[PDB]
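# Let me start by giving you these chains from the complex, positioned as in the assembled structure:
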Amino acid sequence: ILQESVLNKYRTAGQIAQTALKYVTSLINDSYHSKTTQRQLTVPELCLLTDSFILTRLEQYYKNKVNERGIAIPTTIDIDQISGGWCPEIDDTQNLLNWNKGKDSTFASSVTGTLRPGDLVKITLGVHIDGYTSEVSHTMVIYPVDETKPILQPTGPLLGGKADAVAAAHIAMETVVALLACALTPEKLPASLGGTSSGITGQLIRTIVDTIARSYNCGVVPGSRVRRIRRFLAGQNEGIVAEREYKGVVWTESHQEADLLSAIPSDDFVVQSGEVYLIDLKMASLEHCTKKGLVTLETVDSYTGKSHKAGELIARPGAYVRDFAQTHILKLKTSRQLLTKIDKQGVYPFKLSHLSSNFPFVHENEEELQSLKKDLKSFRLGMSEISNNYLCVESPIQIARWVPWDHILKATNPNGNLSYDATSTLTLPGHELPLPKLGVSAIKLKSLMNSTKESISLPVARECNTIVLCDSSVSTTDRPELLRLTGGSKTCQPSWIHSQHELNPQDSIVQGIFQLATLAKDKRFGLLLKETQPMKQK
Amino acid sequence: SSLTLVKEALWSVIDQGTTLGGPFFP
């Protein structure tokens, strides 16, 4: 239930998230675009600096007034085919180099930590105060800097499928934000889009997002969601921890199958006032796919000895999730002390470096970094026994993959629905049906993906914001309005792209999208969006 | 067979522009 104090806690979390996103954007621009910095920063350094900045900023807010506050989502930097879960520690850089020596260079940016021109860099971070969570995620583009222009600018706009994915994600984000804002004043919903006297539904959300994705020739990655957020329940680990109640719309391989054939989440709800909504949309480009196929996810392991595929990425996930329902008294004193530190963090995913007493840095020092690494060695020693007794689990690294439909149809599964992954460590992904109508299990689909020679990895663009549907008493302006805690025109400004694809205006859904854009621009009689501003540091 | 009918239907169903941003680094 929205209140002045609850809204203020959400607002402060959103402000800290916006400031952190501006910080990472400035760091990346200085390292790769401005080039004032002598040595370019790497991805683990950027993640660590972002986390330290967030902790330093959050130290001053709600101190000695709130039991639990901290980082909700660790800083994740995903490049191209990687659709989530990439937050490596600083002590795994040489590990990554040694594990990926002799592989292809398709994941060279992730392996070396150094960004390259043409990269789609997706930055995700979240902040919670008293369990009230605000999460932001922005795709940006890395460009070569033109040496001839007096001012710094890209030589040319980004072109191709990555540009299509960025455009689709940005336009879907804006349209969904406007559509969810329309729930407060339902009469302003366009007639071509849906019923004037009726509200916003998950069916309308899904058909709008699918229409935008199909227009821009992109698929929706099966991790996308437009869901409701409560205290401590923000989907911070959605594929790992089951939830009692779910109110939102999700996209899966089952939904892709149903669209082709045209506590379980269902799109049979009505958006209500006084609610907080997370919108996380991942769009994968389908430019290189000459036929109709299915978009799925591939989990990255750290074992180089499982295959001979030179186009494989070998890495260890850096974010862990504590399972508070599991208890086991450990044998190592280091492991027991680490578990005591872990239980202080709460119910959000955490990095091993977040548990260091040296972290966050008061002054950025080489000695501070070295003491952090010295802590991290014993932290890994304790984490080995913690993970062995199922007290904590890894947050997976996932690569988007494309599997054609003809290979799936020609394949034979002798088990049907009965097959499942017995070696899987987590319950929720281990027993899953990605293709319920075809009777294909997750293990069977992974086997098909590995068996096909024409299964490729699709570039992904991501946009994720948090919004509040503020009622008239809740809002300052005496009218219902949408408060965007994260994202907007100041932090998530789109990069220079040029996409040949476009929305086709001769469709009712596209006309409703254009009218939603018009009514969002209309600041007099239309809808009211209040963006949350990043704060100044000096 | 319902599975066979589903597979047959699947086989049947499978058988300017836009510009964002500008010449600047946000």
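On my side now, so go ahead. Numbers count the residues shown, from 1 in each chain, chains lettered A, B, ... in the order given.
# For the residue nearest to the spatial centre of chain B, which residues are in contact?
By CA atoms, centre = their mean, chain B has its centre lying nearest to residue B:14, at 10.9 Å. Each residue near residue B:14 by CB atoms under 8 Å, 6 or more residues apart in numbering or on different chains is listed here: A:260, A:291, A:292, A:405, A:406. The C-beta positions use only the backbone N, C-alpha and C, and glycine is treated the same way.
# ok, and which of those residues reach chain B?
Residues of the contacts of residue B:14 in contact with chain B (CB under 8 Å from any CB of the partner chain): A:260, A:291, A:292, A:405, A:406.
# circling back: any chance of a ChimeraX selection covering the buried ones in the contacts of residue B:14?
To isolate the buried members of those in ChimeraX, using 16 or more other CB atoms under 10 Å in any protein chain shown:
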select /A:260,405,406
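# Among the contacts of residue B:14, which are located in helices?
Using DSSP state H, the subset of these located in helices is A:260, A:405, A:406.
# before we move on, back to that, give me phi/psi at the residue nearest to the centre of chain B?
For residue B:14, the backbone dihedrals (degrees, to the nearest 10) come out as phi -90, psi -10.
# That one and residue A:395, how far apart?
Distance of residue B:14 to residue A:395, given as CB to CB, to the nearest Å: 35 Å.
# again, but for residue B:3
To residue A:395, residue B:3 is 36 Å away according to CB to CB.
# Between these two, which has more neighbouring residues?
More neighbours surround residue A:395 than the other of residue B:3 and residue A:395, with 23 against 11 (other CB atoms under 10 Å in any protein chain shown).
# Which residues are in contact with the nearest residue in space to the more buried one that is not next to it in sequence?
Nearest residue to residue A:395, sequence neighbours excluded (CB to CB, 6 or more residues apart in numbering or on different chains): residue A:319, at 4.1 Å. Shown in contact with residue A:319 (CB under 8 Å, 6+ apart): A:74, A:76, A:85, A:87, A:349, A:350, A:351, A:394, A:395.
# so which of the ones next to chain B among the contacts of residue B:14 comes closest to residue A:172?
When those are ranked by distance to residue A:172 (CB to CB), residue A:260 comes first, at 19.9 Å.
# Please enumerate the strands of chain B.
Under the criterion DSSP state E, chain B contains strands at B:18-20.
# What residues does the stretch 251-400 of chain A have near chain B?
A:260, A:261, A:291, A:292.
# Identify the farthest-apart pair in the residues you listed.
With CB to CB as the measure, no two of those lie farther apart than A:261 and A:291, at 16.7 Å.
# and chain B, which of its residues are near chain A?
Contact residues (CB under 8 Å from any CB) of chain B with chain A: B:3, B:6-7, B:9-11, B:13-14, B:16-26.
# Got a PyMOL select line for the buried ones in these?
PyMOL command restricting these to the buried ones, with burial defined by 16+ other CB under 10 Å:
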select buried, chain B and resi 6+7+10+18+20+21+25+26
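# Any residues of chain A in contact with chain B? List them.
Chain A has residues A:25, A:29, A:33-34, A:140, A:143, A:151-154, A:157, A:166-167, A:170-171, A:260-261, A:291-292, A:405-406, A:409, A:437-439, A:493-503 near chain B, with proximity defined as CB under 8 Å from any CB.
# Run through the helices of chain B in chain order.
Under the criterion DSSP H, helices of chain B are mapped to B:2-14.
# Dump the C-alpha coordinates for stretch A:440-460 into PDB.
Extracted in PDB, the C-alpha atoms of stretch A:440-460 (Å, rounded to 0.1, in the frame of the first residue of the first chain):
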ATOM      1  CA  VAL A 440       9.800 -31.300 -25.600                       C
ATOM      2  CA  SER A 441      11.700 -30.900 -22.300                       C
ATOM      3  CA  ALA A 442      14.500 -28.600 -21.500                       C
ATOM      4  CA  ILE A 443      17.200 -31.300 -21.600                       C
ATOM      5  CA  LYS A 444      15.800 -32.400 -25.000                       C
ATOM      6  CA  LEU A 445      15.900 -28.800 -26.300                       C
ATOM      7  CA  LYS A 446      19.500 -28.300 -25.100                       C
ATOM      8  CA  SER A 447      20.400 -31.600 -26.800                       C
ATOM      9  CA  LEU A 448      18.800 -30.300 -30.000                       C
ATOM     10  CA  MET A 449      20.600 -27.000 -29.800                       C
ATOM     11  CA  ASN A 450      24.000 -28.700 -29.400                       C
ATOM     12  CA  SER A 451      23.200 -31.200 -32.200                       C
ATOM     13  CA  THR A 452      22.200 -28.600 -34.700                       C
ATOM     14  CA  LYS A 453      25.000 -27.100 -36.800                       C
ATOM     15  CA  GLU A 454      22.900 -24.000 -37.600                       C
ATOM     16  CA  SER A 455      22.300 -22.800 -34.100                       C
ATOM     17  CA  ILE A 456      23.600 -19.300 -33.700                       C
ATOM     18  CA  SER A 457      23.900 -16.700 -30.900                       C
ATOM     19  CA  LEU A 458      21.700 -13.600 -31.400                       C
ATOM     20  CA  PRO A 459      22.700 -10.100 -30.100                       C
ATOM     21  CA  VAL A 460      20.500  -8.800 -27.300                       C
END
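# let's put chain C on the structure above:
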Amino acid sequence: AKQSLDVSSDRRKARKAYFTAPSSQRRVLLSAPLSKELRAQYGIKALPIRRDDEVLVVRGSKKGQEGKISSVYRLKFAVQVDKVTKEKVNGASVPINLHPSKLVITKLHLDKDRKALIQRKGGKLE
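Next up, chain C placed on what we already have:
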């Protein structure tokens, strides 16, 4: 009637040789006749079956069904075609084990060694 003293008409020996033949011998044992079109085109009658050639079923309940060879399961003296399956309600598909003597090749997978084999059997390709 046999005339060579090096060949045996013993049923026990023949059956043991068949059921203990190694993989390379089973390749020859698993031969399929060509279609009439391919027989006229290439000038040969039968060839050992391999993975990527298209076949027509001419015997059994699956007679008339066409498809591409999916596997040559030499361990069970059978071939598997992609389109010929047994389906269940739960979504399970079990390949039908077909014998190449009951199949007809309608399109050969042609490589260098396949062309050499056809020519040394007496082919007239192109």
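# just to revisit the earlier point, against chain C, how distant is the residue nearest to the centre of chain B?
Note on residue B:14: its distance to chain C, by CB to the nearest CB, to the nearest Å, is 15 Å.
# Which strand in chain C has the most residues?
In chain C, with assignment by DSSP E, the single longest strand is strand C:66-73.
# give me the number of residues near the closest residue to chain C within the stretch 351-500 of chain A?
Closest to chain C within the stretch 351-500 of chain A is residue A:439: 1.4 Å, counting by CB to the nearest CB. When neighbours are defined as other CB under 10 Å, residue A:439 has 24 of them.
# For residue A:339, give me its contacts.
Applying CB under 8 Å, 6+ apart, the residues near residue A:339 are A:330, A:382, A:386, A:391.
# Compare those and tell me which is most surrounded.
Highest count within these by other CB under 10 Å belongs to residue A:386, 24 neighbours.
# Report the contact partners of whichever residue of the stretch 51-200 of chain A sits closest to chain B.
Of all residues in the stretch 51-200 of chain A, residue A:153 sits closest to chain B, at 4.3 Å by CB to the nearest CB. Residue A:153 makes contact with A:145, A:146, B:23, B:24, B:25, according to CB under 8 Å, 6+ apart.
# Residue A:461 - nearest residue in space that isn't next to it in sequence?
Leaving out its chain neighbours, the residue that sits closest to residue A:461 by CB to CB, 6+ apart is residue A:165, at 3.9 Å.
# Any idea how many residues pack against the nearest residue to the residue of the stretch 351-500 of chain A closest to chain C once chain neighbours are set aside?
Of all residues not flanking residue A:439 in the chain, residue C:91 sits nearest, at 1.4 Å (CB to CB, 6+ apart). Using other CB under 10 Å, residue C:91 is surrounded by 25 other residues.
# OK, contacts around residue C:91?
When contacts are counted by CB under 8 Å, 6+ apart, residue C:91 touches A:413, A:416, A:417, A:438, A:439, A:440, B:3.
# can you check residue A:178 too?
Counting by CB under 8 Å, 6+ apart, residue A:178 has contacts A:516, A:517, A:519, A:520, A:527, A:529.
# From what I see, the last one and residue A:522 are in contact.
No: using CB atoms under 8 Å as the test, residue A:529 is too far from residue A:522 to be in contact (11.1 Å).
# and those two? which has more neighbours close in?
residue A:529 (17 against 11).
# about what we covered before: can you flag the buried ones in the contacts of residue A:178?
Buried by 16+ other CB under 10 Å: A:516, A:519, A:520, A:527, A:529, out of those.
# just the contacts of residue A:153 now: which is nearest residue C:24?
Lowest distance from residue C:24 to the contacts of residue A:153 (CB to CB) belongs to residue A:145, with 62.3 Å.
# and the closest one, how far is that from residue A:210?
Separation of residue A:145 from residue A:210 (CB to CB) stands at 37 Å.
# likewise residue C:10?
From residue C:10 over to residue A:210 the distance is 70 Å, taken as CB to CB.
# Could you verify my assumption that residue A:183 touches residue A:469?
Yes: if you go by CB under 8 Å, residue A:183 and residue A:469 touch, sitting 6.3 Å apart.
# hmm, back to that, of all pairs in the contacts of residue A:339, which one is the farthest apart?
Maximum pairwise distance in the contacts of residue A:339, criterion CB to CB, is 10.6 Å, between A:382 and A:391.
# helix/strand/coil for residue A:501?
Residue A:501 carries the three-state label coil when classified by DSSP: H, G, I helix; E, B strand; the rest coil.
# That one contacts residue A:167, correct?
Yes: using CB under 8 Å, residue A:501 is in contact with residue A:167, at 7.5 Å.
# what sits in contact with each of the two?
Common neighbours of residue A:501 and residue A:167 (CB under 8 Å, 6+ apart) are A:216, B:18.
# For those two, work out which one has more neighbours and name it.
residue A:167 (28 against 18).
# Please name the nearest non-neighbouring residue to that one.
Residue nearest to residue A:167 in three dimensions, not counting chain neighbours: residue A:499, with 4.5 Å by CB to CB, 6+ apart.
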